[PDB]
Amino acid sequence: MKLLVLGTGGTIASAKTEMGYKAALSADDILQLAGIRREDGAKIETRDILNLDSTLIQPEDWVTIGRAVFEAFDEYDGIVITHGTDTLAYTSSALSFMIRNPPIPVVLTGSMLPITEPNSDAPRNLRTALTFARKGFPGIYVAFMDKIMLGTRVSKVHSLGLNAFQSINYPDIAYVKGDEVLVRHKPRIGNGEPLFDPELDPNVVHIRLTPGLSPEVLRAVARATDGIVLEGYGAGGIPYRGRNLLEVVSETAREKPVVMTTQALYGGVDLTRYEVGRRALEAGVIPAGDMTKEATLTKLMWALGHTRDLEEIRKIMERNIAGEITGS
C-alpha cells in the first residue's frame, strides 16, 4: 500500500515563522502537524508541486496538477491532493474531465483553518481523504469533514463554516468513520485504460442574468470571450422585455456557445418548462441540466479546447462524461 500526497498550497498549509514570514508548509510538515503517519502498513510519500492561495489558481495549473496525478498512477495505490478551498471544486471538476478512468482513488482536500491553528479542521479532513485513498475505489473525489463527494458534484457553499462543501443534485459517495468507509453511493467506474486529455480553452466568462442587465454589456462580453455561461433564474430563460437580452443571445449563439445554468444552488435547469426557456432553446442556448456551476464552467473550457464546432460542443455538454450530469 503506497499513497502519494501532492501539496499545492491553500489555507491548510499556512504558517507564520518566528520572524513573521508567511510560509506554505510542505505536505510532510502538514501530515506531521496533523499527527499522521508515524507507522506503516501504508507507506505515505510526499511531493510539493505548487504553493498557491487557491484564489490564484488558473486553468494552466490544472494541467500541472493533472500531469502529476496521471504520472503517479504507475507508482501508487491512492493519491491525496492538499489544496485551497476557494477553488477546490473547480480543480476537482477540471481533473475529472482531463483524466478518464483513473485506476485509483484521487482525493482532493483542504481546510477552513490552517493546520497550525489549534482547533484545525485539517487533521480530520486529511484522515478522511487518506482513509478513502487506501480503502475507497477509483475516481476523483473531494473529502471534507467525514464526507467523500464526487469531484464533479461539489461546491463550496459556506465561506465561513466547517461544513463548507456539499454534494449538489447527487448523493454523497461515502462517509469515513474512524478507519472505515461507509459507502452511500458507488458511481459507475469505467473499466477502460487511464487517459490524460488536458486541452482546454480558458477564455470563458460566467455572468449572472439580472434585472437591468443591458444588451450593450452582454455584447461587450460576447466579443471578448469564446464561450459564455449564463446564470439564469430558476428553471432558466432569457429576459426579452424592455432590455432584450434574447436578441443578443441569438446572435452570439450563432458563433459561440452560450450555456445556461441557474442562480439556484439546487435543482439545475429545465428550459422546456417555461416559454422564456423555450425561446432560449430556440436562440441556440445549451442547457447545463443539473450540473454544478464549477463543473459547467470547466466542462465548457474542456469542450472548447477540443472543438469550435457548436453542434459538437452541444453534444459534449449534454453527454455524461464523469458523473457531472444526470442523463435521461
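Note that residue numbering begins at 1 and tracks the sequence as displayed.
Novice: Comparing average C-alpha B factors as deposited, tell me which of 38-46 and 25-33 sits higher.
Specialist: Between 25-33 and 38-46, it is 38-46 that shows the higher mean C-alpha B-factor.
Novice: For the C-alpha atoms alone, is the average B factor greater in 60-68 or in 260-268, going by the entry?
Specialist: Comparing 260-268 with 60-68, the higher mean C-alpha B-factor belongs to 60-68.
Novice: For the C-alpha B-factor as written in the entry, point me to the maximum among 161, 178, 114, 151.
Specialist: Out of 161, 178, 114, 151, the record gives the largest C-alpha B-factor to 178.
Novice: Would you mind checking which of 206, 135, 83, 124 has the top Cα temperature factor in the PDB entry?
Specialist: Out of 206, 135, 83, 124, the record gives the largest C-alpha B-factor to 135.
Novice: Which third of the chain does residue 243 land in by C-alpha B-factor: lowest, middle or highest?
Specialist: As the PDB entry reports it, the C-alpha B-factor of residue 243 lands in the middle third of its chain.
Novice: Tell me, lowest, middle or highest third: where does the Cα B factor of residue 232 rank within its chain?
Specialist: Tercile = lowest for this residue's CA B-factor.
Novice: Per the entry's values, where does residue 15 land by CA temperature factor relative to the rest of its chain, in the lowest, middle or highest third?
Specialist: Its C-alpha B-factor, which the entry lists for residue 15, ranks in the middle third among residues of this chain.
Novice: Hey, what third does residue 155 fall into on Cα B-factor, ranked over its chain?
Specialist: It falls in the bottom third of the chain.
Novice: Split the chain's modelled residues into thirds by Cα B-factor; is residue 128 in the lowest, middle or highest one?
Specialist: Tercile = middle for this residue's CA B-factor.
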